[PDB]
Number of protein chains: 2
Amino acid sequence: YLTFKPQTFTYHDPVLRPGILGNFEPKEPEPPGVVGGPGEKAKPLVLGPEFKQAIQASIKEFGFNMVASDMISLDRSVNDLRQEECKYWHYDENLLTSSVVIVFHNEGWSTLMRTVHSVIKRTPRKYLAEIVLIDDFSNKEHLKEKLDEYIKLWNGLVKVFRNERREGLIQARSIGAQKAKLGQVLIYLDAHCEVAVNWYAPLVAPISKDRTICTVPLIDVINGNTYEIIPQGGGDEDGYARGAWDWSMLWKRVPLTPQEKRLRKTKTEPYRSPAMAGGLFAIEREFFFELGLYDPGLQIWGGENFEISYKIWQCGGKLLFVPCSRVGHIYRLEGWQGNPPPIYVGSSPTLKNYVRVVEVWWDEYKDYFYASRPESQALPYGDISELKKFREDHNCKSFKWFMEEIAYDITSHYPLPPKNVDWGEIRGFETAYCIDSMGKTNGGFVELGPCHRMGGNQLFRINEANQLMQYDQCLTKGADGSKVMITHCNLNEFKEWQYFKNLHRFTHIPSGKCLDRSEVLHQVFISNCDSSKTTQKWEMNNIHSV
Amino acid sequence: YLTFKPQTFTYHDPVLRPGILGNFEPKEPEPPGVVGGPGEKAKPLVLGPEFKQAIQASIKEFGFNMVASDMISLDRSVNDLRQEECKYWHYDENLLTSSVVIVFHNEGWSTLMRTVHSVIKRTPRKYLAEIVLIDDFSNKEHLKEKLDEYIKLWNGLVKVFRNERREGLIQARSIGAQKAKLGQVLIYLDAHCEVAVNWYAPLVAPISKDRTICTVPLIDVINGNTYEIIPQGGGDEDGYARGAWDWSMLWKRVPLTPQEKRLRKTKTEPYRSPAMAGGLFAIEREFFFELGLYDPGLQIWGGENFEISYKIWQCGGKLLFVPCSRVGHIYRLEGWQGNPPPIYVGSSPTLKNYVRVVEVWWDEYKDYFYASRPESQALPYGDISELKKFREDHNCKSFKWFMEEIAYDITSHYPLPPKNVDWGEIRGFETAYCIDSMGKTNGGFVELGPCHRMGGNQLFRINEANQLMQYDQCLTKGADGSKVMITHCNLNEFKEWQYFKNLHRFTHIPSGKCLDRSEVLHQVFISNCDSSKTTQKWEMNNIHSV
Ligand SMILES: [Mn+2]
Ligand SMILES: [Mn+2]
């Protein structure tokens, strides 16, 4: 019998007037930061080789090409990745104000401040209540004091709040929502973003008609080396994807569906997505709290993005991607360092997070997740009570309802997994050797190695469909060898293993051959079944992580 | 008319006496270094997770699990990987003495001292003239003074010489030859090796019959994490491989041939290899100087291994692998750092080294190397006069003889490559966008990126066989997409492109379709040929590295 607070704000959905510009379209072309290079207007900035050593050093420190970034104007003009039809929407002007919160940890100076500059440059002043920077316990000296003094440039409009300890990314956003009090909606941004022209009105309009709508710009790709901005490769013939997952809860994208397109009169208006990537979005501040906000249990990574997506949909709100609001996100390069925290197992902490989201929201579907990740069944996921009560109190709808009403396309791209027959290490019987992937993928060969009971590349599972899998991969027979190979798997591919626990036998089905090894050297292969050979006896043992 | 000095030593090949042990077989099993754990007798040493933070730290520093190595005795016993027949050879005792030289740079203390301990432990005292460690300009403090003082343990048998500048691996071995004066034969050893039992007599017997024979132990794999010792995966039913290369001059191994076995009375006696891996070998010391020794133009990491192999074979010597002489070599783990020198620009010096070797030794076969690596064609490879005069003065045989008489099996595993039609960047006509691999391999999809004219992943070559190649990979059509994929390539696979330079066109032969691009999307695909579309117009420009 708990409900969200009713719409009191009146607002009119925008109107498309083909051939007429405005009202939030800039009248004239955007002034460059520097006439007329470099990095403008998002032209690629190619450097080196006189720079290559400085570039690599900065990549190690930041994951981005900071000597390139450092010569691009903080106020640089950008390419326009939106469709033409976007320019002919007329919007109320009666929009709710916003606090954009930006969480950063050790972010480079020029990438942090260009995010800030971009938002100041391309957002109507009257709607920008504040830009709140949440320092999640950085140690780099340029972010302290230097930042304090510089920030005075905006007469208090930009404020920073330090964290005493490293709260990690999810809880730092929740801290953000508490420390950002001036605006009516919270707009979250990564600290390495550039916001496109007339990004605000499209993004905040739907929230203005209906406070329980949560909004997501289309997230474009800023090349972390050369800084030109590219849309993502998404399904739609127009580039529109909706956010999705597979049944290990890995983020996936699928194309905009014809069903959703029949719901929409226009090509460019908002559209329903089952989930959001996580870093960039807008909610009405009160609604976030009614939500609220992110489950406190969630540790440093990773979403969180699904938890908030499910709450919104299943507790009566909406999640909309807004084609006419676009934001570029810089994507990391290899070479970063760039390092996890020391925890045990920790669980891992992020795995523990998936279990929290699944156990409170997925109902019967937890089965598909424990099939994809049995190693996670017996994990100490922590206290879930208040989250379960919240869902009952607000009479939230079932994950079945959610899968069939708003996420109906997912299972056509990521089909439901078969139940497991058994999972764990594949150990040679009465020995200390384990089949182990070496992390090989997509055609490599699987080896023998000393058992370490740590799961990971020594963890397998076997399907009711006769699939021997690690992660999203399967093992099959690599012709012409007798070698066992790991490749990408599809629902009816490589259904070729059957395991006889009592027999200590894995037997390849198309041949008659058994699973075999040589203990020196560390070799795994199939050969003609022979009950004498102890090299064809295996046990499959659950590896529990505490 | 120049000749190598004649054999003056009289020595007789050993004799195989099935059922009778000795004479260099240890009489009684090897005393462990520590009764009875850990590391003995090369049992794998599995640690953590209480150690995992300290292990990862040491892998970063050294590339080996040094916490594990540090708890294994320097005098540990080891598993015996040689075949049984090996223990029944009877050797004359009339063998040459040896200086073993170990070149090291920043090696971990316990891996370095276990190499030495191992050599001291399993080598008959009377043949071991000295162990010369060559410090190639290390900075780590354990390696100096602590090293000088420890080394007194052996009363001057072991000695270290410091280099004033980092000479690199190849030139450090040459300094070794010069500072290691006592032994009749030089035995080179990596600073992370463990020599097997009775490694010495099998390895030095052939050189004692014949001073122009250069000898190579079978190099076994010491696991850098758990330290158990495994033989290499190698062709022969017995695990015997011979050393080879592809026509880019990458090291390769091929199974021992039936031709070589008809030449051999025994399963276990030495056999011919066309090349050595490079780190571990034995030559008579004068003979190496007569070869004189490693071309001095080779910079740090290069095909020295190939250069000494061709010299030995084409100038009248022999290179033999010795099944009864085995040495374990620790193989690096990911996570090391582990870093190249700053000298720009190029592949660079190492590619320059390939060119020196090829230009002096491969004769007409240089064409195959340049088809594999056209980017090297116009490289300033340096003065090669004296090397060419050496080959002429000593009347060395042709590379054509070598390929047809002693390396007769290579083209059956790595076929001669077709000539190139063209090579270079694949640039969009009158654009600054280039096809580029992103380093993707074996199934990945090639993309468009900003041209940088630095080669590498933006470099391609097209075959006279209609193959579009980067490295060892080829581009083909990824069903069901219209995307262009990169995969592993075989002589008659994916013969499916034709490049018209004047037409600026790349056309896919099976379909009719033209290579096409988006630019805005950074996308490379094939679509139906349309002459109006400039997105289907491409140039292939040589990229020159100076
Ligand atoms: Mn991010
Ligand atoms: Mn090495």
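Numbers in chain B track Swiss-Prot; the residues on display, in order, are 112-657.
Header says: X-ray crystallography, 2.6 Å.
Cβ from N, Cα, C; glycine included.
Among the candidates B:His201, B:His216, B:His228, B:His440, the one that Swiss-Prot lists alongside B:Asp301, B:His303 as binding Mn(2+) is B:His440. Between B:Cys507 and the candidates B:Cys426, B:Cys435, B:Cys585, Swiss-Prot records the disulphide bond with B:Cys426. The Mn(2+) site, placed at the center of the C-beta atoms of B:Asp301, B:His303, B:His440, has further neighbours from the same chain whose C-beta lies within 8 angstroms: B:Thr226, B:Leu300, B:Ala302, B:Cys304, B:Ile333, B:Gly390, B:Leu391, B:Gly439, B:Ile441.
Checked against B:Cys197 (disulfide bond), the binding-site residues B:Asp247, B:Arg277, B:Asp301, B:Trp412 differ in C-alpha distance, with B:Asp301 being the nearest.
Looking at B:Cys600 (disulfide bond) and B:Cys426 (disulfide bond), their Cα atoms lie 35 Å from each other. Counting only the Cα atoms, the space from B:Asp247 (substrate binding site) to B:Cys426 (disulfide bond) is about 31 angstrom. Secondary structure at B:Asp301 (Mn(2+) binding site), taken from DSSP and collapsed to helix, strand or coil, is coil. When Cβ neighbours within 10 Å are tallied across all protein chains shown, the highest count among the binding-site residues B:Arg277, B:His303, B:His440, B:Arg443 belongs to B:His303. Looking at B:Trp412 (substrate binding site) and B:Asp301 (Mn(2+) binding site), their Cα atoms lie 14 Å from each other.
Residues from the set of recorded positions B:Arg277, B:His303, B:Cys426, B:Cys562, B:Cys625 situated with their C-beta under 8 Å of a chain A C-beta: B:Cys562. Of the recorded residues, B:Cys640 (disulfide bond) and B:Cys426 (disulfide bond) place their C-alpha atoms 56 Å from one another.
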